[PDB]
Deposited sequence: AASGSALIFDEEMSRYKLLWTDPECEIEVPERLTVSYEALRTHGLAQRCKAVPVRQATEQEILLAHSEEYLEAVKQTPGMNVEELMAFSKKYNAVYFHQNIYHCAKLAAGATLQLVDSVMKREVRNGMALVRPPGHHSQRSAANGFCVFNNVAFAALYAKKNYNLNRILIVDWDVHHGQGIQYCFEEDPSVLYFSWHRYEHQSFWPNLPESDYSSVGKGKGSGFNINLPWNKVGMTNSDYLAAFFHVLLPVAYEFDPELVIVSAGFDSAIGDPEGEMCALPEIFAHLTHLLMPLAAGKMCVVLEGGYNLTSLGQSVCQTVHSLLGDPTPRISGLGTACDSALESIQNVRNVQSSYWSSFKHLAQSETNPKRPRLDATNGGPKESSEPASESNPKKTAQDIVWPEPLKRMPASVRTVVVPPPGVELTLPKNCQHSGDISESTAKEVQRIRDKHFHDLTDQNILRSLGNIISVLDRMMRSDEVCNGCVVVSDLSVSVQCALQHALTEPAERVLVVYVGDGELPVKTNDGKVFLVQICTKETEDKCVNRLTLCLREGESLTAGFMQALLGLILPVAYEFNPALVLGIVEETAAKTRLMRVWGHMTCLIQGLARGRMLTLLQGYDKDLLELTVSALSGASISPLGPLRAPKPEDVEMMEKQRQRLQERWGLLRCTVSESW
């Protein structure tokens, strides 16, 4: 399977710039590229990427998305002097031309196609192209908003033609609406376009009625265009994550794309003079991470906008970190989206309810700026430690490793004499393994997570949790697949328990989420719905310092997706206890913990009984855990 991350960049794309006075355009500078690449080099990230050369897009490739008339007109601009270039730029809205911009536009487009080929040929797992000019505003026959050719539309049209793909997801998290992309795939159900964007009730550029939530696509493409307008500035991490948990991800995982292309504009980050949003650069680590389980990780990130040279460098690094599989930074202070965002979210969910399973239950009655600089992100020496039963020798990925010191063994004796009387010398071993793994996970950046196979749940769970709480881990999220009660107390604020069980048990307080899922062929859709719409919002707001997974011995081809997505919490520090040996479940768990590619789910819809149970959970929990909200609260 594929390894590595491509970084596609060329200094030539910084060799065009604005040549006359224009306050509309003067923010789009060559230094955006140089500052972004230099930030990647300073933090050692560029050196870990496969450098893939830029190339020119050919004429035939440009004609995939643009008209011969527009290409011919642009092809004349290298021969133009300044007067002529200004007169040519004035034919379009918010865009400037330069003797070298046609050359650079073919390089920006060619670089994107290079990234698509490297990913689709399995030469790398994923990658990023740092390109100028940006593309998502350009149209069949027009330059627009600093864009000459539509780099990302190219990429999806090219991937359709040369790899025969049927489903491509485009995620445009730039702060501006990519109307060029929307127009290009308006009638095409093979390409799902999602865009969030500053809108302010159509008063923000480009001021288009069709940038509103009601544009769902046309014809056979209805439902495959999703616009989420931001009608106030100052949107926060909570707003962005609410958008992902309650709009984008439910749709994306049901769509099941074969390739993901990101229109990655970082003018949606704090400090940007165009976006005026308040999301931290660290949010882009999670926006990347939450999409990586799609399409077996095949993700092409393509630079669009981003104008504060400082938030720009930091957000680029946070994205590349996540592409390389580095641990995600903890996001603190999360809660409800603001009222304006919740209104946008609820409106798009309602209009989209005719088209998407996750929303379908809504249709019927049944129903000078400063911020803290980001902390260093370090890949662990060994990422995953594994402790299979005694004498079970398995083949581990190159970043995994097998499992007891004198200190540790003394601790198990101390613990045994006080609380357990237990003498099963192999349980005593597993308790020594839990403590040894937890110590490596929490003490240093040497190990990031681990899996231990165990026999007795009660003593194992109690030692794992109680030893984590005194590391100290101020907060521990427990995720338990099985029935019965655990030795886990959620009375203080230090533990949240997610339990996936078979018998409907009354959940009584708000530090527990109990999911009784009706057994059947519907189970995979229901679990994914619960994961994106309930489990992830609560976990992210809780912000644990450790995740503890627990599976009792008494099917779940969802485990790999959960293990991957749940590593967005606690800097990826997850300990999984598997009760009993299962070769396949242990291989799957270790593979996902180690950062390997997740195999797609393919195909659908879940039981109304399960949707009703999940929404009852949301109603029961969203007053305490506001990130669960996907409607505006009713005021007294």
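*Since the structure holds only modelled residues, which stretches of the deposited sequence does it leave out?*
Gaps in the modelled chain, taken against the deposited sequence, lie at 368-398, 435-436, 454, 589-593, 643.
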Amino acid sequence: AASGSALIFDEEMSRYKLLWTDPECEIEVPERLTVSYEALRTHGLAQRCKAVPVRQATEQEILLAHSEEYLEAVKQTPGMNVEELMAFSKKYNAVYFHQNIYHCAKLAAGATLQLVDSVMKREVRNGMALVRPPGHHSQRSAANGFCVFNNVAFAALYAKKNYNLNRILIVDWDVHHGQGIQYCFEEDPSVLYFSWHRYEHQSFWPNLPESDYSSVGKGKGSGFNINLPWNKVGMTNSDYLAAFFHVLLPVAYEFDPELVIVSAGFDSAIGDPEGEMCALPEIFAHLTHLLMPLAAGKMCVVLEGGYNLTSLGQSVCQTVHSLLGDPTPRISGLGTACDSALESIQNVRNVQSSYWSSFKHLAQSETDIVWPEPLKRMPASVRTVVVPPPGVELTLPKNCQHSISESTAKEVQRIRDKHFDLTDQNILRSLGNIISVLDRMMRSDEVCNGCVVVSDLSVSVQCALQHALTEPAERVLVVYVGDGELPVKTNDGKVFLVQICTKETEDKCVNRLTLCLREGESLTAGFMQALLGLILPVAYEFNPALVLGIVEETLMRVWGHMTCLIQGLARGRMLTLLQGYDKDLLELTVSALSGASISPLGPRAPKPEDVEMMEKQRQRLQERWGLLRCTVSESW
From here on, numbers count along this sequence of modelled residues.
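Between two forms, the rigid core is defined as the largest C-alpha subset superposing within 1.5 Å.
*asked:* Which of the two stretches, 197-205 versus 352-360, has its Cα atoms farther on average from this form in 4 other deposited structures of this protein when everything is superposed by the rigid core?
replied: After the core superposition, the stretch with higher RMS deviation in 4 other deposited structures of this protein is 352-360.
_Between 292-300 and 557-565, larger RMS Cα displacement in 4 other deposited structures of this protein after core fit_ = Comparing 557-565 with 292-300, the larger C-alpha deviation in 4 other deposited structures of this protein belongs to 557-565.
_Among the other entries of this protein that were compared (only those with both neighbours built), does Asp368 lack coordinates in at least a third?_
Yes.
*Do the CA atoms of 621-629 or those of 18-26 have the higher mean B-factor in the entry?*
Higher mean C-alpha B-factor in the PDB entry: 18-26.
*asked:* Tell me which stretch has the larger mean Cα B-factor in this entry, 126-134 or 378-386.
replied: Taking the mean B-factor of the alpha carbons in each, 378-386 is higher.
*Just grab whichever of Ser89, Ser215, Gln76, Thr502 has the top CA B-factor as deposited.*
Highest C-alpha B-factor among the listed options: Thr502.
*For the listed residues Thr470, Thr288, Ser315, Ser268, which one has the largest C-alpha B-factor as given in the deposited model?*
Result of the comparison over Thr470, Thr288, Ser315, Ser268: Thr470.
*Taking the entry's C-alpha B-factors for this chain, is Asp188 in the lowest, middle or highest third?*
Answer is middle: the recorded C-alpha B-factor places it there.
*Classify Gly484 as lowest, middle or highest third according to the C-alpha B-factor given in the PDB entry, relative to its own chain.*
Its C-alpha B-factor, which the entry lists for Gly484, ranks in the highest third among residues of this chain.
*Comparing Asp172 with the other modelled residues of its chain, is its CA B-factor in the lowest, middle or highest third?*
For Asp172, whose C-alpha B-factor we compare with every modelled residue in the chain, the answer is the lowest third.
*asked:* Could you place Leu40 in the lowest, middle or highest third of its chain by Cα temperature factor, using the values in the record?
replied: For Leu40, the deposited C-alpha B-factor lands in the middle third.
*Among all modelled residues of this chain, ranked by Cα B factor, put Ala296 in the bottom, middle or top third, i.e. lowest, middle or highest.*
Ranked within chain, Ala296 CA B lands in the middle tercile.
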